[PDB]
Amino acid sequence: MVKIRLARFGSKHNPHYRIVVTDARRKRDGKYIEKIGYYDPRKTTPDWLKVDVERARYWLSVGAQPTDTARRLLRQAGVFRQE
Amino acid sequence: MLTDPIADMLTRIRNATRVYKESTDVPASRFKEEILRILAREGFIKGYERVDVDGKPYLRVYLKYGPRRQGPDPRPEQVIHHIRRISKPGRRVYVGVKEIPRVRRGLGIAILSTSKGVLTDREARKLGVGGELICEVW
Amino acid sequence: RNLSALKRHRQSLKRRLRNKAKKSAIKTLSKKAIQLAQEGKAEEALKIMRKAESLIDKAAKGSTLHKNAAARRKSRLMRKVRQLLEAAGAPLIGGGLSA
Amino acid sequence: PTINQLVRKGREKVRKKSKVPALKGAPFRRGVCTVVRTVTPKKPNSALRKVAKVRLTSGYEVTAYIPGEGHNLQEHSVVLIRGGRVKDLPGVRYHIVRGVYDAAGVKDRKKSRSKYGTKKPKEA
Amino acid sequence: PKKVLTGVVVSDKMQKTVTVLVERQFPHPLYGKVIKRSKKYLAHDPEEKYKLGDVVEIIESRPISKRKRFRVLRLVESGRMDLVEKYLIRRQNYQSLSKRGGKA
Amino acid sequence: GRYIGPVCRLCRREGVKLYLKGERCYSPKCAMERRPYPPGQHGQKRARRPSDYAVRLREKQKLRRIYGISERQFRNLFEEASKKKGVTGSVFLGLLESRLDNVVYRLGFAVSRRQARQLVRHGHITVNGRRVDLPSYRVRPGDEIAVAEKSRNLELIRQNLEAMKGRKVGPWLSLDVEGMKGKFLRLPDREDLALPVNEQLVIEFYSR
RNA sequence: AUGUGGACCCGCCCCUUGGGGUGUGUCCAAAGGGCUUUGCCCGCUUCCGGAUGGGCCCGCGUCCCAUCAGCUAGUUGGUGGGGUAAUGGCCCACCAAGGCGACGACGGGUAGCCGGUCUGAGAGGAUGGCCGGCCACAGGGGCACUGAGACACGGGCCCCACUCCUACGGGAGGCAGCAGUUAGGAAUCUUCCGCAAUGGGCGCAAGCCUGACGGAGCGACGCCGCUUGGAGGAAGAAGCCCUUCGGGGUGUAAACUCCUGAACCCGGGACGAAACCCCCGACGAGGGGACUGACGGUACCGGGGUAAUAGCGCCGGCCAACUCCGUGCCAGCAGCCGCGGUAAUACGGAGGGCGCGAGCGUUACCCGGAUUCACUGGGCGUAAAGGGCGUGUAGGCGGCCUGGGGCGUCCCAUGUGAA
Ligand SMILES: [Mg+2]
Ligand SMILES: [Mg+2]
Ligand SMILES: [Mg+2]
Ligand SMILES: [Mg+2]
Ligand SMILES: [Mg+2]
Ligand SMILES: [Mg+2]
Ligand SMILES: [Mg+2]
Ligand SMILES: [Mg+2]
Ligand SMILES: [Mg+2]
Ligand SMILES: [Mg+2]
Ligand SMILES: [Mg+2]
Ligand SMILES: [Mg+2]
Ligand SMILES: [Mg+2]
Ligand SMILES: [Mg+2]
Ligand SMILES: [Mg+2]
Ligand SMILES: [Mg+2]
Ligand SMILES: [Mg+2]
Ligand SMILES: [Mg+2]
Ligand SMILES: [Mg+2]
Ligand SMILES: [Mg+2]
Ligand SMILES: [Mg+2]
Ligand SMILES: [Mg+2]
Ligand SMILES: [Mg+2]
Ligand SMILES: [Mg+2]
Ligand SMILES: [Mg+2]
Ligand SMILES: [Mg+2]
Ligand SMILES: [Mg+2]
Ligand SMILES: [Mg+2]
């Protein structure tokens with residue numbers, strides 16, 4: 001199906017992910033559908049998580065499924081405003 | 001036949017100036033006329049006029065030259081150092097306004113024909129059109 | 001050796017045999033209807049075509065035909081059947097046909 | 001040519017003709033040394049030049065120059081070939097790598113030592 | 001937008017099909033001279049209605065046979081065998097060009 | 001690399017007085033002082049009119065050997081000031097003078113650029129409180145260049161920063177002799193430098 | 001059986017290629033499991049819609065040879081049928097006699113294409129290796145099965161070649177998956193660690209699988225950063241330089257003038273990891289310490305502390321850098337011009353010098369310079385180059401004036417030009 005995961009784009013020992021809409025069958029680092037955020041897991045930058053929250057709602061509305069870790073960051077930006 | 005009227009005129013001029021003639025006759029065309037309008041207004045000749053030669057229409061073209069210089073070879077400096085037909089039959093040349101050449105860093109002109117009419121480059125860059133590049137005349 | 005997913009091959013056979021019968025049923029039932037229609041036996045001929053359209057859709061319930069592979073086989077069938085009954089026939093039972 | 005002619009025919013480009021058929025265009029070829037002859041140079045020079053017919057693993061049969069002083073190149077010694085026309089011998093367009101396999105490198109040189117493949121003098 | 005082309009019927013010897021000669025002028029990449037060029041299309045004529053000679057519009061269609069993916073849209077101007085002739089003559093010069101002579 | 005050999009033999013080859021011995025090329029013995037002919041068993045014979053190449057060359061080894069930099073770093077620098085906006089000539093010198101090994105020499109912490117290099121390499125110098133041990137680190141404007149808390153009491157610093165009392169620094173540095181912390185105010189301009197070097201050649205040399 | 005609905009044949013209307021509505025007739029549905037058990041969870045059937053992925057069709061672009069000029073029989077079209085998810089000569093019977101080609105068909109040679117890469121002032125030239133996209137293959141040839149999807153690399157059948165087992169009848173195989181061996185070759189790595197991170201399959205979940213992956217290993221192969229810090233004389237058992245066993249330079253350059261402190265030693269020691277899950281709220285509530293680190297005790301931080309690797313090419317001109325000796329068209333150098341024949345800055349050593357420096361040189365190949373295939377940008381009286389001359393086909397090119405169209409040309413807006 002279509003998913004929302006992380007595609008690793010850093011350097012050796014330097015990870016930087018790209019929250020991405022993509023067909024699961026596709027390579028991890030190959031041609032995705034749309035970028036909807038980035039994640040720096042080491043918080044070396046004061047802005048280490050961005051999310052186009054408007055857009056996430058669009059892909060979650062046509063049935064994108066996130067991974068456990070992608071779901072984390074979506075909640076942190078408050079994609080699903082559980083309130 | 002004649003295969004190129006504009007080139008022909010541009011040459012007749014170039015030839016006649018090298019021998020410092022007064023005027024020079026070129027057979028008449030609404031198009032050629034529209035070009036000499038530019039050559040006058042940009043200051044390369046004194047002007048043209050529709051004289052009729054053997055009951056057939058021509059265009060006397062009165063040429064300008066610099067002042068009588070000194071030393072050996074007193075002949076004056078040309079006002080027209082250079083004049084060259086660019087788009088020719090079987091080799092049509094078109095520029096969009098982004099691609100119009102600045103001739104000689106602007107010390108000379110490039111006549112070109114557009115859907116707005118026959119203009120210089122500075123003129124056609126003003127109105128934002130391009131077209132058939134007709135010649136340089138620095 | 002012996003990847004235990006040659007069990008997949010054991011099943012392909014079991015399936016292949018299941019499909020292959022349903023096809024032959026449709027095939028020898030569809031000829032029977034055409035051949036009953038090329039004789040004016042209109043009552044018997046629709047009694048059998050009606051049965052054949054049924055096995056057609058049934059066989060399209062599982063993976064054997066699915067899709068418009070079935071639709072097509074029904075289109076080709078009722079079209080052939082009606083024409084032949086139109087060489088002098090009058091659809092008596094007129095089961096699966098609408099006129 | 002007219003413009004219509006450039007359109008019809010056109011320009012034609014230039015082929016590289018390699019002055020070294022070290023077959024696969026490799027940078028070196030191994031070869032088994034056959035004749036270890038001696039050739040007299042041409043036009044304006046005189047000497048006894050040391051050449052070697054070499055049987056290539058590329059199936060080739062080419063002659064190559066033995067640079068340096070003396071060699072040790074027997075009827076069946078094995079050797080490595082590189083590029084290098086020798087202006088003075090015609091037909092000779094390769095060199096031998098002194099210091100590899102049977103072609104022991106020149107001895108006692110103190111200057112251009114990475115050519116001629118002489119190790120560091122133990123002068124330390 | 002299904003591509004649409006304008007061209008000349010040059011063949012009617014087929015059943016329900018016409019050959020159309022679509023010309024296309026365009027400037028040359030390196031030398032910039034404007035060059036004519038042409039290509040033939042087999043086009044669907046459902047009623048053997050378009051006769052040899054006229055100019056038609058060709059429209060991109062669902063495939064109909066091998067090498068035949070256009071139907072004839074509408075006639076533009078009727079007969080003009082000057083173009084067929086130009087084409088018929090071009091074809092006949094091949095009569096030479098071989099191992100001997102031919103018709104010039 | 002870094003060259004690192006006999007220096008006051010280059011004072012002589014370029015023929016222009018050079019300060020590689022930092023303290024010593026001032027007193028009457030930079031070797032230049034009363035021996036200005038080039039080295040070798042040939043430094044006294046007469047020089048033939050050099051080819052335009054040699055001129056361009058010598059003008060480049062001059063500039064490079066002033067800053068004690070490997071040709072690898074140098075060309076990589078010039079090619080950056082070529083790509084950079086503005087006059088390709090002077091931008092170069094501003095980059096060379098933005099090198100932290102040089103800034104530490106310009107701020108009078110060591111006497112030569114050489115000794116200055118070794119003070120960076122040994123982490124005696126801080127930029128903006130943090131230690132830095134890279135002679136090629138590029139100081140930016142607004143970067144205060146201090147001296148290591150550990151090394152404040154060290155012999156060579158006490159001596160070398162003392163003689164800085166009274167002296168003036170460039171109109172693009174601002175040192176404070178008290179806390180031993182200068183600051184990089186501004187990228188130096190061509191007239192700010194007294195380099196006996198014609199960069200116009202150095203440019204031309206690489207345009208070959 | 002049930003008919004929410006959908007499929008088929010005739011129709012009816014809208015639409016216009018097989019799009020949507022509609023009537024008669026016919027035909028078609030289903031699966032159970034778990035429970036903190038009668039209501040929750042994960043499933044199941046038919047239909048519409050979305051999203052993702054893909055099939056097919058068309059315009060245009062896409063190397064060399066004309067010492068390959070004619071090519072074509074399912075070949076081109078038609079009706080009808082077969083096949084398919086679907087168009088189609090994809091396939092089949094019957095009919096017509098067509099189709100393609102100098103704007104290069106047919107043939108041969110070569111080659112995965114591209115985003116890009118290298119070069120060039122640019123136009124252009126060269127290329128397609130890592131990374132990303134598409135295609136094709138999985139010892140060679142062919143074929144179908146299963147299925148949403150395959151003509152299926154670690155699935156099936158047959159034939160061919162190779163290897164292995166063989167009781168001689170018959171059987172087993174397929175690293176162009178990670179590693180590794182072997183052969184060939186100028187030349188190309190560890191049978192390593194790990195499921196911690198990201199991603200995939202399955203599972204309600206706990207989890208399981210994952211040589212995808214994240215890491216470490218080897219190799220100056222590449223790029224980048226960095227160290228070797230520097231103040232002093234000169235007796236040849238065959239081995240310290242420069243006018244004959246003779247005239248200065250090396251050279252501020254040292255085996256030791258102080259300073260700092262690579263290696264090394266001692267102690268602290270990480271980011272990468274918060275989710276899945278448990279717990280309150282409704283089985284996603286700002287509580288989970290529930291737990292998780294291969295790299296690795298490494299990066300990094302603090303203390304102790306030693307003066308501590310330099311090599312390679314070149315020095316006739318192009319081309320930065322010169323002298324002494326040996327050698328005498330010999331030994332040899334050489335990219336091109338060239339040097340060696342007794343006085344050699346060219347060979348071989350030496351001293352000195354120039355260039356670069358953990359690298360420096362050689363060879364190979366590409367672009368450059370080369371305006372030397374010239375569009376930008378070349379030529380043809382004698383330097384290479386006007387056809388022996390004509391006639392004329394196709395093609396290219398086309399005097400003055402007016403009017404219509406807007407194909408070329410120009411302008412604005414817009415979609416696309418992924419990473
Ligand atoms: Mg199973
Ligand atoms: Mg039923
Ligand atoms: Mg190939
Ligand atoms: Mg194999
Ligand atoms: Mg399935
Ligand atoms: Mg199937
Ligand atoms: Mg498989
Ligand atoms: Mg395998
Ligand atoms: Mg071998
Ligand atoms: Mg996982
Ligand atoms: Mg790996
Ligand atoms: Mg944490
Ligand atoms: Mg939480
Ligand atoms: Mg010189
Ligand atoms: Mg030499
Ligand atoms: Mg001599
Ligand atoms: Mg010499
Ligand atoms: Mg380095
Ligand atoms: Mg060129
Ligand atoms: Mg060029
Ligand atoms: Mg030209
Ligand atoms: Mg020429
Ligand atoms: Mg001649
Ligand atoms: Mg003649
Ligand atoms: Mg005209
Ligand atoms: Mg238009
Ligand atoms: Mg746009
Ligand atoms: Mg892009």
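Every number in this text was worked out from the coordinates using simple rules, so none of it is lab data. Cβ: placed from backbone, ideal geometry, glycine included. Neighbour counts: every protein chain shown.
Using Cβ point charges alone (K and R +1, D and E -1), the dipole size of the stretch E:49-90 about the Cα centre works out to roughly 400 debye. Pairwise Cα distances in chain A exceed 17 Å in 43 percent of cases.
Distance between the C-alpha centres of the stretch B:6-64 and the stretch F:142-181: 79 Å, rounded to the whole angstrom.
Bridges between two residues of the protein assembly as shown, per DSSP, are antiparallel at a rate of about 95%. In this Cβ point-charge picture (+1 for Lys and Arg, -1 for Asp and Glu), the stretch D:1-61 has a dipole of about 100 debye about its Cα centre.
Considering helices alone, the calculated mean residue ellipticity of chain C at 222 nm is -24500 deg cm²/dmol, with DSSP H runs of length four and up weighted by -39500 (n - 2.57) and normalised per residue. Here residue C:41 and residue E:97 are evaluated by their C-beta separation; at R0 = 45 Å the FRET efficiency comes out at 0.10.
Between F:3, C:42, F:163, the Cα set farthest toward the positive side of the dipole of the protein assembly as shown (charges on each charged residue's Cβ, about the Cα centre) is that of C:42. Cα centroid distance between the stretch B:107-138 and the stretch B:81-98, in Å? Centre-to-centre distance over Cα atoms comes out at 10 Å.
The fewest-to-most ranking of A:9, E:26, F:74, F:184 by surrounding Cβ atoms within 10 Å reads E:26, A:9, F:74, F:184. Here each label is just a point 7 Å from Cα along the line to Cβ, and for residue F:52 and residue A:55 those points are 5.6 nm apart. Considering only trypsin sites (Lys or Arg not before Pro) in DSSP loops that have at most 10 other Cβ atoms within 10 Å, the longest stretch of chain D without any of them is D:25-86.
Secondary structure note: in chain E, about 90% of the DSSP beta bridges are antiparallel. For chain A, the longest piece that avoids every one of the trypsin sites (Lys or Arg not before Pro) found in DSSP loops with at most 14 other C-beta atoms within 10 Å covers A:44-80.
Each of B:51, D:106 was scored by other Cβ atoms within 10 Å of its Cβ. Listed from fewest to most, they are B:51, D:106. When Rg and Dmax are taken over the Cα atoms of chain D, they come to 20.0, 75 Å. Note on chain D: dipole from Cβ charges, positive end direction compared against D:92, D:79, D:1; the farthest Cα belongs to D:1.
Using the Cβ-Cβ distance between residue D:4 and residue F:83 with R0 set to 41 Å, the FRET efficiency from 1/(1 + (r/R0)^6) comes to roughly 0.40. For the stretch D:22-117, the list of GluC sites (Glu not before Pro) that fall in a loop by DSSP and count at most 15 other C-beta atoms within 10 angstrom reads D:69, D:75. The mean sequence separation of alpha-carbon pairs under 8 Å and at least six residues apart, normalised by the residue count of chain A, gives a relative contact order of 28 percent. In chain C, the convex hull through the Cα atoms has an average projected area of 6.9 nm², a quarter of its surface area.
Helical content alone sets the calculated 222 nm signal of chain F at -10500 deg cm²/dmol, taking -39,500 (n - 2.57) per DSSP H segment of four or more residues and averaging over every residue. Using all pairs of distinct alpha-carbon atoms, the Kirkwood hydrodynamic radius of the stretch B:3-80 works out to 13.2 angstrom.
The calculated P(r) of the protein assembly as shown, using every Cα pair and 20 Å bins from 0, goes 9, 15, 27, 30, 15, 4, 0 in percent. Entry note: chain B has Rg to Rh equal to 0.99, where both radii use alpha-carbon atoms and Rh is the Kirkwood radius. Considering only A:41, A:10, A:56, the residue lying farthest towards the positive end of the dipole of chain A is A:10, judged by Cα position with unit charges set on Cβ.
Per-residue ellipticity at 222 nm, computed for chain E from helices alone with -39500 (n - 2.57) per DSSP H run of at least four residues, works out to -4000 deg cm²/dmol. Take the alpha-carbon centre of the stretch C:14-45, take the same for the stretch D:15-94, and report the distance between them in whole Å. Rounded to whole Å, the Cα centres lie 84 Å apart. Who wins for biggest fluctuation among F:21, F:29, F:62 in a Gaussian network model of chain F, springs between alpha carbons below 10 Å? Looking only at F:21, F:29, F:62, the biggest GNM fluctuation is shown by F:29. Sites listed here are chymotrypsin sites (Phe, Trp or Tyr not before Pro) in the stretch D:1-103 whose DSSP assignment is loop and whose Cβ has at most 16 other Cβ atoms within 10 Å: D:28, D:60, D:101.
Fewest neighbouring Cβ atoms within 10 Å first, the residues C:72, C:1 line up as C:1, C:72. Computed from point charges on the beta carbon alone (+1 for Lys and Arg, -1 for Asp and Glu), the dipole magnitude for the protein assembly as shown about its Cα centre is near 4320 Debye. For chain E, taking the reciprocal of the average inverse distance between every pair of different Cα atoms yields a Kirkwood hydrodynamic radius of 15.1 Å. When the trypsin sites (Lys or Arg not before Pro) in the stretch F:99-193 are filtered for DSSP coil states and for at most 11 other beta-carbon atoms within 10 Å of their beta-carbon, the remaining sites are F:165, F:167, F:168. Scalar couplings 3J(HN,Hα) for the stretch E:87-102, obtained by applying the Karplus form with A = 6.51, B = -1.76, C = 1.60 to θ = phi - 60°, are 6, 4, 5, 3, 5, 7, 4, 3, 4, 6, 6, 8, 10, 10, x, x Hz; x denotes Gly and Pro.
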